[PDB]
Every structure is written in structure tokens, then in C-alpha cells.
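Quick setup: one chain, the form deposited without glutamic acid, written in C-alpha cells, and binding and motion questions come after.
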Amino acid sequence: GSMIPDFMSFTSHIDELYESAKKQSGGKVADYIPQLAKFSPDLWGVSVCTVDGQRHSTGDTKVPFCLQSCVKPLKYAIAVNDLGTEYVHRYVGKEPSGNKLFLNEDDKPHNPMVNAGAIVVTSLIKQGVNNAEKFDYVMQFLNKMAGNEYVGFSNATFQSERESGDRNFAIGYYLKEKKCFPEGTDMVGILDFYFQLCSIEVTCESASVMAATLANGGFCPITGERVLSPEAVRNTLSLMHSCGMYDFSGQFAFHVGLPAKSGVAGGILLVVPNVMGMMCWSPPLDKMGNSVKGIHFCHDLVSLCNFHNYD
């Protein structure tokens, strides 16, 4: 599957799109915790990792930042990989909401990409062991996805996220009341694990390798290791396609047509199946919560290389 005939000319076009996006100065850096409000609005990085293992970065691609919602497709993939589609979707829905409600009509969170869904997915991983082992288990998994490149942890983000996460505690108690967790779940402990996962740190470079693992049918392109089952990958990409960009998800599926997942740190994890993974990062967000520069870049990328799913 050679739709990138000349990698060096392709990176030349990446750089031009990078420079064009750089001029987009709009948006607001998230500031509900100090660990996000700190970030400069001018940070802007794009990293590419093909399914071959070819790499290209431009801009601020080695500055660590928190995954935040970008971790949601990754922990869903781990859950499906270990437990199968059917078991996971006993607890969480499979489609966009069209949203302030915690649960759909079946008393399940709408999908794994919204907070209530990610909290339920978190309760499914490595059940029975304590939180330190749960975290270590997911960390080892993310190391394999990233081919052992930068995966860190921001204790300061974790502490601030947990102390100000009233909406997530409201979701936690509502899900407990509607019996959404597996039997024996310690809800407060699940919220802790959830806040920790949101505080895992990557760079553009390490994250693009994670995305490239999803683009490569579950095989890490820079180690050849099998990390995720084909089922886990397929499921994760479908939900990223339809639910990955908050309230912009429907527009993004229509105009861009690639599986992607945004996050409040300004990251956009982007997958071009069978071609490449990308991570774009610029902290200033539009009013729907997506990185202004990243969105502009994603539109330009598809209008240039015919990467749209139905192109």
C-alpha cells in the first residue's frame, strides 16, 4: 500500500502545512487547572510515524504534555484486547450521543470517548489487582504502543485534576447508583485510576508512534511487536472516527474522515490506517475543545494527500 511514494517529498509537504497552521493564532489555552494554564499558546508540534517506521517531526515535538482525553481510545483498546468486544460493550455504548446526559436509554454511557464511558472502561481493566498494579499494567502497555519512547507521568496534573473533578465524581456516583460498574467495584478508587491515566505524559514524537501502532493493525512499527488485537484496533478506530473530537466529531468525520482523538492539552492523535500515525499539539483550543492549529492542520492534510476515508 504505497500512497506515500516519496517520503522526503511528503515530509516537505508536512512542513508546509505545519508553517501554514502556525499562522492560526486563535483559541484559548485551557485554564481550569494551573498545570494547563501554564502552557504557552505558541507551542506547536507535528510528528509523523509511518507504518514502515519512517519518522518526521517539526516544531515542538519533544515537550512533554498530558494525554488527557487522548488516552481514552488507548485504554478502550486495552480493555477490548484483554476482554473482547462483547464483554466491554455490556458496560458502554458504541455510538455518538448527539451532550450533558451521563447515560443513554439503556443506562449505559454513550461510548468510550466521553467521560462517563471512559470511567466505566477504566473499571474494566485488570480487575482485582490494586491501583498501583493497574497503573503499572497500563504503563507497560503504553510503552509497547510507543516502542519504548517517552511515556511519563505528571503528578501535579493528577493532584489538580482529582481535587477539582466534581463533575467526574458526579458521574461516578450516578454510575454507581445505576449499577453501571462490574460487581465489587470501588468507585472512588476507579476515579483515582482514571485521573492518573489522564495525567500520563507523552511527546508528539512518542505519541505518533502510538497512533502508528493503531494505523498498523496493532503492530508497533518501530519494534514489530504485536501490541493490540486486530479486534481492539478495528473497534478503537471506528469510535475515534465517530466520537473522537467532542462536539466537532460529526463535522470532522464528514470533512476529514480519519480516526482522531483530541484532548484538552491541545493534542490531536491522528490515524491514517495502513499509512501512518500522527500527533499534532498546540495548547490553544477552540470553543469545542479542539486545538485550533491541529484542526486547521488536519483539514489541510486531507485536502492535499487524499487521505479521507472515502476519497
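Think of the rigid core as the biggest set of C-alphas that the two forms share within 1.5 Å after superposition. Residue numbers here begin at 1 and follow the sequence given.
Student: Fitting on the core, do the C-alphas of 89-97 or of 152-160 deviate more in 8 other deposited structures of this protein?
Tutor: It is 89-97 that deviates more in 8 other deposited structures of this protein.
Student: If you line up the core and then measure how far each C-alpha sits from this form in 8 other deposited structures of this protein, which stretch comes out higher, 77-85 or 101-109?
Tutor: Of the two stretches, the larger average C-alpha offset in 8 other deposited structures of this protein falls on 101-109.
Student: Counting only residues from the deposited sequence, how many are left out of the model between residue 224 and residue 225 (none, 1 to 3, 4 to 9, 10 or more)?
Tutor: Per the record, no deposited residues are absent between residue 224 and residue 225.
Student: With reference to the PDB entry, specify whether the mean Cα temperature factor is higher for 115-123 or for 226-234.
Tutor: That would be 226-234.
Student: Where do the C-alpha atoms have the higher mean temperature factor in this entry, in 44-52 or in 66-74?
Tutor: Per the PDB entry, the higher value belongs to 44-52.
Student: Can you pull the Cα B-factors for 170, 197, 240, 129 from the entry and say which is highest?
Tutor: So the option with the highest C-alpha B-factor is 129.
Student: What third of the chain does residue 273 rank in for C-alpha temperature factor, lowest, middle or highest?
Tutor: As the PDB entry reports it, the C-alpha B-factor of residue 273 lands in the highest third of its chain.
Student: What third of its chain's C-alpha B-factors does residue 201 belong to: lowest, middle or highest?
Tutor: Lowest third - that is where residue 201 ends up once the chain's C-alpha B-factors are sorted.
Student: Can you work out whether the C-alpha temperature factor of residue 178 puts it in the lowest, middle or highest third of the chain?
Tutor: Middle third by C-alpha B-factor.
Student: Residue 185's Cα B-factor: lowest, middle or highest third of the chain?
Tutor: Ranked within chain, residue 185 CA B lands in the middle tercile.
Student: Consider only the C-alpha atoms of the modelled residues in this chain, order them by B-factor as the entry records it, and name the third containing residue 158: lowest, middle or highest.
Tutor: CA B-factor rank for residue 158: lowest third.
There is another form of this protein, the form solved in complex with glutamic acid, and it is not shown here; the text below is about that form.
Student: Look up in the deposited complex whether residue 202 has a non-hydrogen atom within 4.5 angstroms of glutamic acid, and give yes or no.
Tutor: Residue 202: no contact with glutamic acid in the deposited complex.
Student: Is residue 254 near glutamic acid? Define near as a heavy atom within 4.5 Å, in the deposited complex.
Tutor: No - in the deposited complex, heavy atoms of residue 254 and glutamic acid never come within 4.5 Å of each other.
Student: Give a yes or no for residue 284: in the deposited complex, does one of its heavy atoms lie within 4.5 Å of a heavy atom belonging to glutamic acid?
Tutor: No, residue 284 is distant from the partner.
Student: Can residue 240 be called a contact residue for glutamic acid in the deposited complex at 4.5 Å between heavy atoms?
Tutor: Residue 240: no, not in contact with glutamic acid in the deposited complex.
Student: Select, from the options 68-76, 230-238, 185-193, 125-133, the stretch whose residues sit within 4.5 angstroms of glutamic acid in the deposited complex by heavy atom distance.
Tutor: Of the options given, it is 68-76.
Student: Of 159, 223, 168, 148, which one comes within 4.5 Å of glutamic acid in the deposited complex, counting heavy atoms only?
Tutor: Flagged contact: 168.
Student: Heavy atom within 4.5 Å of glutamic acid in the deposited complex: which of 27, 273, 263, 59?
Tutor: Contact with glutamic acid in the deposited complex is made by 263 alone.
Student: Can we say 50, 142 and 219 each have a non-hydrogen atom within 4.5 Å of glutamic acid in the deposited complex?
Tutor: No, the candidate spot makes no contact with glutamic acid.
Student: Pick out the residues of 95-127 whose heavy atoms come within 4.5 Å of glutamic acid in the deposited complex.
Tutor: Only a single residue, 115, comes within 4.5 Å of the partner.
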